[PDB]
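Enquirer: Just the structure for this:
(2 chains)
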Protein chains: 2
Amino acid sequence: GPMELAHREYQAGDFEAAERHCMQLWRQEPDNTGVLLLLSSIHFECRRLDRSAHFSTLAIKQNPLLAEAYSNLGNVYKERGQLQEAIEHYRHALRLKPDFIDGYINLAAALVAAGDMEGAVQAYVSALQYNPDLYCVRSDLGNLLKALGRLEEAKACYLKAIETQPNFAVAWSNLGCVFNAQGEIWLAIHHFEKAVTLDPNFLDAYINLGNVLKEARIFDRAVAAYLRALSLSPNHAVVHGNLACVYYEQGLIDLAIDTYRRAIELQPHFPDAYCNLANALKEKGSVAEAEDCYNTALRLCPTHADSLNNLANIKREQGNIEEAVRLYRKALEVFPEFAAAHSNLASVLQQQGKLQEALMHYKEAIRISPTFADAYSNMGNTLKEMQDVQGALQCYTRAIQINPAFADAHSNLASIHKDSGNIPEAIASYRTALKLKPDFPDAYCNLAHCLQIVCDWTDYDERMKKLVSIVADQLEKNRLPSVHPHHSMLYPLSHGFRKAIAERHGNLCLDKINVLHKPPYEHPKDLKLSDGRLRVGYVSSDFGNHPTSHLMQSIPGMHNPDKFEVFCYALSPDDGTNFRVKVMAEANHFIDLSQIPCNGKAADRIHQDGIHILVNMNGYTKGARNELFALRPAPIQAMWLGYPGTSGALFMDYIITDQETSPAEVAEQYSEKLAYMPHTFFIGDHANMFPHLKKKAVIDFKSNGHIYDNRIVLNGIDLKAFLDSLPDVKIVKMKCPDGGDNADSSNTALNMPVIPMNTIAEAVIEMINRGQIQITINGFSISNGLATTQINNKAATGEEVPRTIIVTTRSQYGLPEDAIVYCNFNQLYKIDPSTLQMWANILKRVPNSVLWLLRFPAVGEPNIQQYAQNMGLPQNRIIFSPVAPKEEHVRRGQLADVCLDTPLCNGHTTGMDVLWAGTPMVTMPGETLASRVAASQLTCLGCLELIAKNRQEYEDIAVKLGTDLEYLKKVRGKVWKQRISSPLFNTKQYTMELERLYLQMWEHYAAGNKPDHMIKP
Amino acid sequence: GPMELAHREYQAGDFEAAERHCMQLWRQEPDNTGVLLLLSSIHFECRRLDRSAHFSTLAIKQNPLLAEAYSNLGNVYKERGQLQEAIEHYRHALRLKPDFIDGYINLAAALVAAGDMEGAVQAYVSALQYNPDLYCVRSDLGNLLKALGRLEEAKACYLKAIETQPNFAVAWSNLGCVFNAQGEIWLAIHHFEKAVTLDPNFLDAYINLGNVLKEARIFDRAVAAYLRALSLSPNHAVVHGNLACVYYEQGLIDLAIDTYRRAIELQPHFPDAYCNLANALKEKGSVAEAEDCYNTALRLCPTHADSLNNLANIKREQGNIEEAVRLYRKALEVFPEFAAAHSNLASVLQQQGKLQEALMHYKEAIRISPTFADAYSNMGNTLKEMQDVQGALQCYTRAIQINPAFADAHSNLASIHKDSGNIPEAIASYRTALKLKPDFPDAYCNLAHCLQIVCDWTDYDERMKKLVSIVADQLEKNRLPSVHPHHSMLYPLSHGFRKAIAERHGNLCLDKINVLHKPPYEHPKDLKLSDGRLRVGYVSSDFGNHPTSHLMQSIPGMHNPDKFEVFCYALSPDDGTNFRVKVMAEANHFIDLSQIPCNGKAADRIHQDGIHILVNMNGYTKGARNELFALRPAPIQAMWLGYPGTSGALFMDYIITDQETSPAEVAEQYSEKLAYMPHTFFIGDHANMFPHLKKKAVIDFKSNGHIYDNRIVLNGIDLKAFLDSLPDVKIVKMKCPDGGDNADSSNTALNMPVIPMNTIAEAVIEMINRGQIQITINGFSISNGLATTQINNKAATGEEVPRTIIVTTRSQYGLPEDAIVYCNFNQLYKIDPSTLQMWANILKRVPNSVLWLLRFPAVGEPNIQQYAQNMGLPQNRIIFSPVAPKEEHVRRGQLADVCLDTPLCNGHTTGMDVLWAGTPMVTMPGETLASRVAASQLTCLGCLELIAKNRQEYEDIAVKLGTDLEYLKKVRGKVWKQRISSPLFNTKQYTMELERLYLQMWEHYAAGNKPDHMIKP
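Expert: Numbers count the residues shown, from 1 in each chain, chains lettered A, B, ... in the order given. Next up is the structure itself:
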């Protein structure tokens, strides 16, 4: 009867005896249908919930005042859906029994199943308010509040639970999840380790420990945590992805490959492993599978951004630009924050040329991710390409400030330094990069050139041999050489190599021009409508104040308009030089192009101009645009008066030279043809701008009786107008080797004016000795060369003729008055150790000898000083002046005795300067056109003995001259005597022969014949 | 006057205005000398503590009631030493001013400077009791209590401090130290990271974080923590050691080398880095520096144990045993817990031979460190050497249970399995090791032999070729071959290889014997005092129940005592065999040696015995001690009646053979000489132990008229005594090829007794058919061969002659009555695929043919079954019986038709069995002595046609016999006819010729001549 062994069968889990005995109870004592609801609890477990409703109906019918029937009613109703009604009678419950426990619990279970979190929380908190011991209900507020987001209020529920039942191993792992959210890992992995020590058959702790151990980049322990995690469940398919990532990061690639296969096997629909597997393959070589795998990944989802980026990159290694373009577009528009896509897109845009939008991509990429040095470097490349921002230099610097492990970035900023004039910084940076990058050739090449600028010849021949190997090797790799085409003529290389580099750069230029597919010009054969007058075109980024201009400036002045019409084309923007003033002054057609960035319309403009002959000044130099010639608009395009070494363009037509400078033997290394001058291709210009030095004057020396022209002299546009003012001075007929013929002229320029001790002359001597600015006697402003720029800079800038009378002194530069002056003025870098041995020998073999140099740049003086005594010379036998502007630059040479040449590559213009000054010059031909230049001027002067054939000959000639002072005197003589009679200055004749040669060229072309070596005009 | 801007100058830190103004105060208001004690505070900072005492004297004199004077007095006194007096007036202080603060603090400073911790603690706690705000005093109780050791009471002082002033960055790092002590690292590295985030110019936190990060075996983060630690202090010399250890553990050896150099540079006296640097070098090759560095280390301290161990190891690679011995002794006695030294010492003891003490070293090494698998493996080697503990097998198992990555350990336990009879386990283990160790040759060799036991011929020729390569390669490495000398004659190898392996093992044996330096014996030339009688010695670990004994047992029975005296030497302990009973029964001198483990006294005993001729039975087999012969005590030592293949000992003297088995052609591969028998060297023994089978009897077959001897037969010691009891049975003269001569004898053994249907004979037939135990008629116990062991095991063990009458039936083993029976009984492993093809061919070419085998072992039946039908045979054409003891083993052969030989290596004894049984035998000579054996018996029988010369001949002979049933009948005839007349059994004659040959040998030796091939005796 009344007995709970039926409830004990419930304790066992059966009903048979319980149900029969409770059936007996109903048939004897129908008051406990609640036991039938316990039977209904069996029914909940055994789905006989219909009979649960039956028993509940009985209970409520007999006993309408027991909540528990409604409780079971709610359970079955939640199974059957009416959850709001379940709440209806649950809240109808808990009224008659306010202290009922399980009602609150499963009520909250109901509401949370309905989405009404807030009510559920109050339900639990009420339950706790009644009972503080439910050590497994607290953890459920944990699971709830932490889901709501009120983290810091959660972490106070777990902790009560833990301290209540300290073996509880589910209130440690959850608490681990909270600390993992707030960001403090070093506690999160602690709490997890406690919660597997307490219960080593628990799976969630093992995973979560794996995850937070592969964020903190511990790896070995992460592997162990996973391995146990799956030996509790061996087919998890999500462990199998992470485990691969860890294997891939340790460096054990093959295990990653295998495990990824296992993961995709276990679960097929899985884009991430596809993408990541693709990366795993791509780094192992089998790229074909990589592309296919990326295809599969975006098949399962066309929006998975990572695959888009990576596949686009893969295509971009095959130049398939637009595919990658649109794909990067897609990824960026899906994910508007993905910095890597920004970088990749911008770089391919750099390939596209358009860059300002690429610039803003670089900007925004940094904006989202402020720690991406690579983008800084690349955007610096962009800026340097589009302008010359030194803030871009700062951008490089920022990259180093983020990571100083970039050899390439250092190389960049060093390039800016070299361009600017910051030589030491560039040196330091290149050494930095090389010490970080042993293998980098380009840094080696630029560093080599910089060292050659600074005369530091440590390991000299070693450097040349290594870099010769590098250029040969690089050229075989079918890439553009590191060595700049201009820099070549410093290093000793084969003719084949120098040519090959020239064509490398030339074909590079035509490679840019080709892709534009601009229509060809049908220009040629226009000599009839031309009405017998030809058209000549010159281009120059150096119309203005530049040595090239200083050399060709007067050529348009006497061009024949009858059969020729001249067209000027200034590439550079104007700078208001008097040079340029003259340029458009006598120009038949002056045309500016600084307003024309378009290669097209410029070339087209040439096409309408229909210029028969087109001539270049620039070639490969700083600041030129040769592609304008690469399109070959005009029928004939030629090199002239530029750096030697043919471009190898194959569309250039005619070099300019003479019979001897470029003989036919070396015609194998010049891509294009030859044109021969009667005397030389290098035309003088000084007499036009400085005819004032046509006559001179010299003061008396400290000693008398002997002649000393080259210590202190007098010059001035009105020096002759000053001679008559002199009361009585000596005028000796200075003689070259004469013998008595042709010296019996008026000899105004052939008689040296030697002023002996004269009262006015002596006086002005003392007022000049003290460094006084200038004095004026007899209406003539008496001046020194040193302060002519202060008197009027324009007089010395060459553009303006000087007016005053000029005096110069050896000791004005501290020069002793009785030392044999050997000198030169070429830029410093064109000197090597070997030639330095040559000056060493000659200077040693003369006691009262001095070598004159320039500190241009000044940073090389210590280094040359070192080797000066290393081969045993004092630090007083060599004297080096500072840089002086053009007029006094050429004037101060007149004080010197004998200049000497640099055999590595001659001074193109400077040798002309000293020759015009009347000082002698001596050289030995090399083997390159540049090297061969120097003898050309002498041959035009017809002084063959001043040319050597071997290095020993050079030394012997220098010794023979330096010893033979008398012959030196008459050498300065005959140089002076020829310079007035030389054909080097008949610019009338030069233009004459030049135009005549053009007409011969054009008449040969009128036959349509191929260009050929037009020897013997 | 009264003004504290003097105290403000103190705030600045100067005294000038303060001291002058307070001097003015004293001269106007002499009441504040305490300001002069503030001046004295400057004095403490500026060592003017004498004037501090002066000012204190003034203050106490005027004001004897201010503690502060005593406070300054205590400070200076602590400087001056009287610290107990400092406490004296400090405790004298704090009386008038009980609430003074700084007194408590510096009081505790005083006491802790005196070693009285306890009082100091109360001092601080009192201070706190007054003021709860001293956020920088709590941390000092921390520093104190944690030093006392009351950790868990410390951690409650820090925590109050931290929450008081949460920026305090010295109460985080210390608290980190506490958690590091209690053992919970994952909190320790947390608290440190908080305490560098709060203060990044703090050094102790950076080190301590480094240390606890290289215990938890994080490495990269440890490197970073150190690198910053020294960029705050760049010459620390203790960081520089740990940093090396971390570099060495990452695998970046060279950085470790460099940093160790840097550490020893910074600080010279530093043994640990020396020792550790030595390890760093030793693993890089430069061992010479390693020894020197260890020398330096123990120079700075002769007690540094680690260096002792490592240096001793280094020496032990140079065999310098005693040096390492004493050194390990030193290290162990310094450090009585160092398990590694225990292991090393024990292993070198294993080299020393003495092992029981090495055993206890292994025990104690495990005892201290219960997780050292290596020692388990080694001690297992020891135990297996000294006894055969299978608990040692368990020791191996324990090693795997610690780490199953030991291929070598698996190989060991597999060796035990193979020795025991646990073949499958050995197979599994060897495969396990090989799959873990691709490179291991020895496992390959043993695994190969095991496979050959189990007939699994997968990849057969591939295995032989690979292992042939391995043995050649191993032999060139000047090491003992993996292949056991006995196992060789299974694999096909060159004569050179087999010889070479024999000498490898032989020289190995003499290598053990050599080191003992036992004095040589002056035995030889003793034939005069011998009085004309020679002495012969036999050794055998197989006197007893063993085939060798079963073969030579009766030889001592007829040895001539006149000129020879025999000496027996049983190596093995007695087992009470009737064999052994006979052995000492007719022995001239039976000598036991199981009581003699000493090689010495045994060899000496032989020396006093002065035995002229010494003969071996064992050779390289299981259970032998050949070194006893390696010492060559007796003048002459010979191989005889053992496994073929000369030992290559070079101290063996004479093999035994005949003219034909071992012709002179192959004498190149036998180290020692030859001795020729008139007929053969292999002597029969059966007639002595089984003369009962001299006569037989056969029952009638199912069919009549034709003769069928080989289906059901009768035997028994009294079968002839039973023949007369028969009323009337047929006695047909069974004929070999006779022709009518010599067959006209009494023919008792030449007439086959064929019992036709006879009432008593038929009756006993039925009472045997049902498997009845046995029946008895006419006083004769009628028995079947199958139950003879149950009747009396002794009768079948060979030792005892059977008594009853024996019957046997073909179907008694299920054999069909009319199938051609081809058979053999050799051990299973002496079969290959190729010969199996041979039986395949012959068995195919006869319809009613059956092949009889044995399942010995039974594990090979499935594998042979596979290949049986693989070459296409049914599973009923081959029948295999179980193992049967000796008597019925040889008896059941009589039912068979024709036995067949295994050409790989013949059955030494079994062929003799079947020959004695009268069944025919056929073979083809191989090329090794073992192979050549089989034809020897036939040649002694003079039946040459039963010998083949090629494999095809073998098949053709088998076909010709199997087809020719009549000739088969007369073949069984002539085998039976010869076996009674054969010289194979005249043991009288065998001993005769044997002794005569000894005497010839000894008479040749009496001349002192070198041993030579004594052909033609």
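Enquirer: quick one: buried residues of the host helix or strand of residue A:155?
Expert: Taking DSSP states H and E as the criterion, the element that holds residue A:155 is helix A:151-164. Residues of helix A:151-164 classed as buried by neighbour count (16 or more other Cβ atoms under 10 Å in any protein chain shown): A:154, A:155, A:157, A:158, A:160, A:161, A:162. Backbone N, C-alpha and C define where each C-beta goes, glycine included.
Enquirer: what does stretch A:453-470 give?
Expert: Taking 16+ other Cβ under 10 Å as the neighbour-count basis, stretch A:453-470 is seen to contain the buried residues A:453, A:454, A:455, A:456, A:457, A:463, A:464, A:467, A:468, A:470.
Enquirer: so which two of those residues are the farthest from each other?
Expert: Between all members of the buried residues of stretch A:453-470, the longest pairwise span (Cβ to Cβ) is found for A:455 and A:470 and amounts to 22.0 Å.
Enquirer: re the thing from before, show me what the helix holding residue A:155 packs onto, helices and strands only.
Expert: Contacts of helix A:151-164 with other secondary structure elements, assessed using 3 or more Cβ pairs under 8 Å, 6 or more residues apart in numbering or on different chains; DSSP states H and E, are made with helix A:138-148, helix A:173-182.
Enquirer: thinking again about what came up before, can you put the buried residues of stretch A:453-470 in CSV and add secondary structure?
Expert: Listed next are those as CSV, based on DSSP: H, G, I helix; E, B strand; the rest coil:
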residue, secondary structure
A:453, helix
A:454, coil
A:455, coil
A:456, coil
A:457, coil
A:463, helix
A:464, helix
A:467, helix
A:468, helix
A:470, helix
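Enquirer: where along the stretch 801-950 of chain A do the helices fall?
Expert: Using DSSP state H, counting those that start in this stretch, the helices found in the stretch 801-950 of chain A span residues A:833-844, A:861-870, A:886-891, A:910-917, A:929-941.
Enquirer: How about the stretch 601-750 of chain A?
Expert: Along the stretch 601-750 of chain A, counting by DSSP H, counting those that start in this stretch, helices occupy A:627-630, A:686-689, A:719-723.
Enquirer: what would the ones you listed look like in a markdown table with distance to residue B:948?
Expert: What follows is those, written out as a markdown table (distance: least, Cβ to Cβ, whole Å):
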| stretch | distance to residue B:948 |
| --- | --- |
| helix A:627-630 | 94 |
| helix A:686-689 | 118 |
| helix A:719-723 | 134 |
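Enquirer: looking at those, which is buried most?
Expert: Per-stretch averages of neighbours, counted by mean count of other Cβ atoms under 10 Å in any protein chain shown, single out helix A:627-630 among the helices of the stretch 601-750 of chain A, with a mean of 23.
Enquirer: which other residues reach that helix?
Expert: With contact meaning Cβ atoms under 8 Å, 6 or more residues apart in numbering or on different chains, helix A:627-630 is reached by A:506, A:509-510, A:512-513, A:539, A:599, A:602-603, A:606, A:614, A:616, A:637, A:649, A:651-652.
Enquirer: So how do I select the buried members of the residues you listed in ChimeraX?
Expert: Applying 16+ other Cβ under 10 Å to the contacts of helix A:627-630 leaves a buried subset, and the ChimeraX line that selects it is:
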select /A:506,509,510,513,539,599,602,603,606,614,616,637,649,652
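Enquirer: In strands, which of the contacts of helix A:627-630 fall?
Expert: With strands identified by DSSP state E, the entries of the contacts of helix A:627-630 that belong to them are A:539, A:614, A:616, A:637.
Enquirer: Check these one by one and keep those near chain B.
Expert: With Cβ under 8 Å from any Cβ of the partner chain as the criterion, these include none near chain B.
Enquirer: What is the nearest of these to chain B?
Expert: Out of those, the one with the shortest distance to chain B is residue A:616. That distance is 57.1 Å, counting by Cβ to the nearest Cβ.
Enquirer: Now do that closest one against residue A:637, distance only.
Expert: When Cβ to Cβ, to the nearest Å is the yardstick, residue A:616 and residue A:637 sit 7 Å from each other.
Enquirer: Residue A:728: neighbouring residues, count only.
Expert: A count of nearby residues for residue A:728, using other Cβ atoms under 10 Å in any protein chain shown, gives 7.
Enquirer: Tell me which residues touch the residue lying closest to it once chain neighbours are set aside, please.
Expert: What sits nearest to residue A:728 in space, not counting adjacent residues and going by Cβ to Cβ, 6 or more residues apart in numbering or on different chains, is residue A:758, at 7.7 Å. In this structure, residue A:758 makes contact with A:726, A:727, A:728, A:729, judged by Cβ under 8 Å, 6+ apart.
Enquirer: circling back: pipe the helices of the stretch 801-950 of chain A into JSON lines and attach distance to chain B and mean neighbour count per row.
Expert: Compiled in JSON lines, the helices of the stretch 801-950 of chain A are given as follows (distance: least, Cβ to the nearest Cβ, whole Å; neighbours: other Cβ atoms under 10 Å in any protein chain shown):
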{"stretch": "helix A:833-844", "distance to chain B": "37", "mean neighbour count": "17"}
{"stretch": "helix A:861-870", "distance to chain B": "33", "mean neighbour count": "15"}
{"stretch": "helix A:886-891", "distance to chain B": "53", "mean neighbour count": "20"}
{"stretch": "helix A:910-917", "distance to chain B": "54", "mean neighbour count": "22"}
{"stretch": "helix A:929-941", "distance to chain B": "49", "mean neighbour count": "22"}
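Enquirer: TSV please, covering those and showing distance to residue B:765.
Expert: Rendered in TSV, the data for the helices of the stretch 801-950 of chain A read as follows (distance: least, Cβ to Cβ, whole Å):
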stretch	distance to residue B:765
helix A:833-844	124
helix A:861-870	126
helix A:886-891	144
helix A:910-917	138
helix A:929-941	128
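Enquirer: Looking at those helices, spot the one closest to residue B:879.
Expert: Across the helices of the stretch 801-950 of chain A (criterion: Cβ to Cβ), the nearest stretch is helix A:833-844, sitting at 101.6 Å.
Enquirer: Mind giving me the ChimeraX select for the contacts of residue A:758, buried ones only?
Expert: Once 16+ other Cβ under 10 Å is used to decide burial, the buried members of the contacts of residue A:758 can be selected in ChimeraX as follows:
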select /A:729
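Enquirer: Closest to chain B out of the contacts of residue A:758?
Expert: Proximity of the contacts of residue A:758 to chain B, judged by Cβ to the nearest Cβ, is greatest for residue A:729, which lies at 77.1 Å.
Enquirer: So the closest one sits against residue A:760, correct?
Expert: No. With contact defined as Cβ atoms under 8 Å, residue A:729 and residue A:760 do not form a contacting pair (10.1 Å).
Enquirer: ok, residue A:44 - contacts?
Expert: With contacts taken as Cβ under 8 Å, 6+ apart, residue A:44 has the following neighbours: A:52, A:72, A:75, A:76, A:79.
Enquirer: picking up where we left off before, kindly indicate which of the contacts of helix A:627-630 lies nearest residue A:546.
Expert: Checking the contacts of helix A:627-630 against residue A:546 with Cβ to Cβ, the nearest one is residue A:539 at 13.6 Å.
Enquirer: Check the stretch 651-800 of chain A for the residue nearest chain B and tell me.
Expert: residue A:669 (49.5 Å).
Enquirer: Show me which residues of chain A are close to chain B?
Expert: A:184, A:186, A:187, A:189, A:190, A:193, A:217, A:218, A:220.
Enquirer: Any quick ChimeraX command for the buried ones out of these?
Expert: Here is the ChimeraX command that picks out the buried ones among the residues of chain A next to chain B, judged by 16+ other Cβ under 10 Å:
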select /A:186,187,189,190,193,218
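Enquirer: Now, the residues of chain A next to chain B that are in helices?
Expert: In helices, judged by DSSP state H, the following of the residues of chain A next to chain B are found: A:186, A:187, A:189, A:190, A:193, A:220.
Enquirer: Spatially, which two of those residues are the most separated?
Expert: With distance counted by Cβ to Cβ, no two of these lie farther apart than A:187 and A:220, which are 20.8 Å apart.
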